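This report concerns only the one structure given below.
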Amino acid sequence: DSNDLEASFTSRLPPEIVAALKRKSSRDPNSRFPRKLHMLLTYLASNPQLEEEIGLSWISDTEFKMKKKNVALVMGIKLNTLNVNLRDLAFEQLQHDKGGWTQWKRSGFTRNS
DNA sequence: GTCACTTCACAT
DNA sequence: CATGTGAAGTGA
């Protein structure tokens with residue numbers, strides 16, 4: 001069931017976003033992590049049901065929160081990886097796992113860019 | 001040859 | 001349980 005969970009998600013998502021997320025990372029900035037993540041972020045804050053189901057959103061305009069299990073699902077990237085990226089591209093974990101949720105920030109990460 | 005992730009298989 | 005390691009891929 002941890003797979004079909006993927007289905008409903010990717011599926012109920014606009015083909016463009018998906019497409020985005022599917023492309024391997026190149027030197028192109030809107031192809032590496034941050035962007036890809038961030039597009040979802042702001043996409044979601046636009047369609048609440050999904051913001052709930054996936055569990056990825058802005059707490060403040062500087063900090064945000066997610067259920068890794070789930071974002072790493074949408075992004076087709078394993079959980080392990082997803083964490084590995086978060087610290088590797090320097091994101092700050094500022095509140096240990098609180099029942100699935102975590103909140104984060106990154107100096108360049110915010111509002112819209 | 002380099003990036004920028006990815007994943008594993010175990011460690012902490 | 002949640003997270004991180006180092007080495008070893010893979011295709012931009």
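The chains in the structure tokens are called A, B, ... from first to last as shown; in each chain the residues are counted from 1, and the ligands are counted from 1 in the order shown.
The residues of chain A lying at most 10 Å from chain C, with only C-alpha atoms (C1' of nucleotides) taken into account, are residues 23, 24, 25, 26, 27, 28, 80, 83, 84, 87, 96, 97 and 100 of chain A.
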Could you please take those selected residues and save N, CA and C atoms as an mmCIF file, in the first residue's frame?
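What ended up in out23.cif:
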```cif
data_model
loop_
_atom_site.group_PDB
_atom_site.id
_atom_site.type_symbol
_atom_site.label_atom_id
_atom_site.label_comp_id
_atom_site.auth_asym_id
_atom_site.auth_seq_id
_atom_site.Cartn_x
_atom_site.Cartn_y
_atom_site.Cartn_z
ATOM 1 N N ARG A 23 12.410 14.617 -13.490
ATOM 2 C CA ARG A 23 13.686 14.851 -14.153
ATOM 3 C C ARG A 23 14.901 14.794 -13.215
ATOM 4 N N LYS A 24 15.909 14.008 -13.598
ATOM 5 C CA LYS A 24 17.150 13.853 -12.833
ATOM 6 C C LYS A 24 17.830 15.210 -12.654
ATOM 7 N N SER A 25 18.669 15.356 -11.639
ATOM 8 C CA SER A 25 19.298 16.648 -11.402
ATOM 9 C C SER A 25 20.501 16.986 -12.288
ATOM 10 N N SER A 26 20.440 18.171 -12.904
ATOM 11 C CA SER A 26 21.506 18.678 -13.785
ATOM 12 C C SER A 26 22.028 19.970 -13.194
ATOM 13 N N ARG A 27 22.826 20.684 -13.974
ATOM 14 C CA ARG A 27 23.354 21.949 -13.507
ATOM 15 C C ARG A 27 22.188 22.949 -13.432
ATOM 16 N N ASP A 28 21.078 22.689 -14.143
ATOM 17 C CA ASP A 28 19.922 23.575 -14.204
ATOM 18 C C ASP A 28 19.246 23.692 -12.842
ATOM 19 N N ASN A 80 15.314 7.882 3.289
ATOM 20 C CA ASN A 80 16.717 8.075 3.596
ATOM 21 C C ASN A 80 17.233 9.293 2.846
ATOM 22 N N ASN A 83 16.234 12.774 3.566
ATOM 23 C CA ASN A 83 16.835 13.434 4.736
ATOM 24 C C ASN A 83 18.215 13.864 4.328
ATOM 25 N N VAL A 84 18.903 12.958 3.635
ATOM 26 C CA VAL A 84 20.258 13.212 3.180
ATOM 27 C C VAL A 84 20.357 14.500 2.409
ATOM 28 N N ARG A 87 20.004 17.849 4.828
ATOM 29 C CA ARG A 87 21.141 18.432 5.536
ATOM 30 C C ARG A 87 22.256 18.785 4.586
ATOM 31 N N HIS A 96 12.846 18.332 16.318
ATOM 32 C CA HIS A 96 12.796 16.882 16.135
ATOM 33 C C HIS A 96 11.393 16.343 15.822
ATOM 34 N N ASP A 97 11.320 15.154 15.225
ATOM 35 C CA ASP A 97 10.035 14.562 14.836
ATOM 36 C C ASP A 97 8.982 14.561 15.918
ATOM 37 N N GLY A 100 5.473 12.380 13.260
ATOM 38 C CA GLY A 100 5.452 12.400 11.811
ATOM 39 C C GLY A 100 5.868 13.738 11.209
#
```
For a quick test of understanding: name the residues of chain B lying within 10 Å of chain A when counting only C-alpha atoms (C1' of nucleotides), and present them as a PyMOL selection string.
chain B and resi 3-7
Name the residues of chain A that come out as helix (DSSP H, G or I) in a backbone DSSP run; write them as a PyMOL selection string.
chain A and resi 4-12+15-22+33-44+48-55+68-74+79-88
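With distances restricted to only C-alpha atoms, A:20 is the closest residue to residue 35 (chain A) from A:107, A:1, A:20, A:48.
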Counting only C-alpha atoms (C1' of nucleotides), what is within 12 Å of residue 50 (chain A), bar same-chain residues fewer than 4 positions away, as a short mmCIF file (atom, residue, chain, number, x, y, z; two decimals) with N, CA and C atoms, in the first residue's frame?
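Contents of around_27.cif, freshly written:
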```
data_model
loop_
_atom_site.label_atom_id
_atom_site.label_comp_id
_atom_site.auth_asym_id
_atom_site.auth_seq_id
_atom_site.Cartn_x
_atom_site.Cartn_y
_atom_site.Cartn_z
N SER A 8 -2.34 7.76 -6.14
CA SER A 8 -3.21 8.89 -5.84
C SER A 8 -2.49 10.23 -5.78
N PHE A 9 -1.32 10.26 -5.17
CA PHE A 9 -0.59 11.52 -5.10
C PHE A 9 -0.16 12.00 -6.48
N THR A 10 0.92 11.43 -7.02
CA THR A 10 1.39 11.86 -8.33
C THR A 10 0.15 12.11 -9.22
N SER A 11 -0.73 11.12 -9.35
CA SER A 11 -1.92 11.29 -10.17
C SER A 11 -2.72 12.57 -9.91
N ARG A 12 -3.23 12.75 -8.70
CA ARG A 12 -4.01 13.94 -8.40
C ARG A 12 -3.18 15.23 -8.49
N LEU A 13 -1.97 15.11 -9.02
CA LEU A 13 -1.10 16.27 -9.18
C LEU A 13 -0.99 16.68 -10.66
N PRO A 14 -0.92 17.99 -10.95
CA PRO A 14 -0.81 18.48 -12.33
C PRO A 14 0.46 17.93 -13.02
N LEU A 40 6.44 22.46 -5.06
CA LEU A 40 5.36 21.69 -4.43
C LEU A 40 4.80 22.56 -3.32
N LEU A 41 5.68 22.86 -2.38
CA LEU A 41 5.39 23.69 -1.25
C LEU A 41 4.29 24.71 -1.59
N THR A 42 4.68 25.71 -2.37
CA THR A 42 3.79 26.78 -2.81
C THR A 42 2.67 26.26 -3.69
N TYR A 43 2.87 25.14 -4.36
CA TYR A 43 1.78 24.66 -5.16
C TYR A 43 0.70 24.32 -4.17
N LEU A 44 1.08 23.42 -3.27
CA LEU A 44 0.19 22.93 -2.25
C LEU A 44 -0.57 24.00 -1.50
N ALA A 45 0.12 24.99 -0.94
CA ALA A 45 -0.57 26.04 -0.20
C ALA A 45 -1.71 26.62 -1.04
N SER A 46 -1.85 26.08 -2.24
CA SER A 46 -2.91 26.51 -3.12
C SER A 46 -4.08 25.52 -3.15
N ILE A 54 -0.56 15.30 1.77
CA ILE A 54 0.88 15.15 1.73
C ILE A 54 1.48 15.64 3.01
N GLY A 55 1.05 16.79 3.49
CA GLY A 55 1.63 17.28 4.71
C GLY A 55 2.94 17.98 4.43
N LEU A 56 2.82 19.11 3.74
CA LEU A 56 3.95 19.95 3.36
C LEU A 56 3.49 21.38 3.31
N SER A 57 3.84 22.18 4.30
CA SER A 57 3.41 23.55 4.21
C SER A 57 4.18 24.55 5.05
N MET A 66 6.60 19.40 7.24
CA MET A 66 6.24 18.28 6.38
C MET A 66 6.27 16.94 7.11
N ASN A 70 5.83 11.24 3.62
CA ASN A 70 5.04 11.61 2.50
C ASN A 70 5.72 12.48 1.45
N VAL A 71 6.42 13.56 1.81
CA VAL A 71 7.02 14.32 0.72
C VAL A 71 7.96 13.36 0.01
N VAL A 74 6.07 11.70 -2.60
CA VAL A 74 5.74 12.43 -3.80
C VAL A 74 6.94 12.59 -4.71
#
```
Interatomic distance, CA of residue 22 (chain A) to CA of residue 36 (chain A) (Å, one decimal)
9.4 Å
Mind pulling up the distance from CA of residue 91 (chain A) to CA of residue 68 (chain A)?
13.4 Å
Can you measure CA of residue 30 (chain A) to CA of residue 90 (chain A) for me? One decimal in Å is fine.
17.1 Å
When DSSP is applied to the backbone of this structure, which of region 24-105 of chain A are assigned strand (DSSP E)? Write them out as a PyMOL selection string.
chain A and resi 56-58+64-66+92-93+102-105
